[PDB]
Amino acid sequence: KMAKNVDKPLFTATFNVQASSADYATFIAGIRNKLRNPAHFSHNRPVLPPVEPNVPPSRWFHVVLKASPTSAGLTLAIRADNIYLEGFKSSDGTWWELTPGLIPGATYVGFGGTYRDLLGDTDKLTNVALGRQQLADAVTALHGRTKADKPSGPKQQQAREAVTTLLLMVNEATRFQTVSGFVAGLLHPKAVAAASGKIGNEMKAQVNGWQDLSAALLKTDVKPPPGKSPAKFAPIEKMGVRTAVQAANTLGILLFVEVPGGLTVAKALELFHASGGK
């Protein structure tokens, strides 16, 4: 304790909830691009820099979701090292937080940021509806939160539903091309009927095994010992991911993992800084 720089993002990505599917894809791609360690890719997918050892989380960026081109943002506070959502900012200026005492002068929303906290189990993910209206409503309900009012059970219930929706349509979208592609597939022009959708089991598993999938691809990059054949990608069948090429098409941006024979935390951060990363 406590978190550092929440007020000073390394960049801000902005999205208009009424904008085109292509603009959403551009929005997501830009986040991954700005998060990347320039010195570390795996199969031409970006890898996040390691989490800095011996300090509290000090690298953040903001995402702004807007009702319209001129509306003011619902601001999300997200870690630039593991893309964790920890805070959001309502219209009256109140930073709300998902971890007690994490963010400077923030107010604990009343519930945790984990899928078990928000839903009740990691396997309820395949029940959450996403889409343009779900996104807009989630943005509204959060941005409409005021520093005064009674955390009614009903109000909390709606709020957990909202965070679950945005985590999926922003955070998990940044992490996974499957998720981002799914969300982009839900976004249509006005001339198309409104649409909703829930992620399938492969994406649920992917979302629940980001570290595992990241680590699994990272192992294929390790150069092998003498006399042993080089490493083969090891399938995560529940994820529908059986090959390295499939893993690369699935990963939006990889979490940094220390794998045996791969980059260490110190070394990857060293390469990150040498390439101009901040």
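Throughout, we count residues from 1 along the sequence that is shown.
For the pair 87-95 and 130-138, the record assigns the higher mean C-alpha temperature factor to 87-95. Comparing the deposited coordinates for 98-106 and 165-173, the stretch with the larger average C-alpha B-factor is 98-106. Highest CA B-factor among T178, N208, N82, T146, as stated in the entry: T146. Which of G73, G185, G200, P189 has the largest Cα B-factor in the deposited entry comes down to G73. In the deposited entry, the Cα temperature factor of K223 places it in the highest third of its chain's modelled residues.
Placement of the Cα temperature factor of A244 within the chain: lowest third of the modelled residues, per the deposited record. When the modelled residues of the chain are ordered by C-alpha B-factor, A234 sits in the middle third. Among the modelled residues of the chain, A193 sits in the lowest third by CA temperature factor in this PDB entry.
Ranked by Cα temperature factor within the chain, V51 sits in the middle third according to the deposited record.
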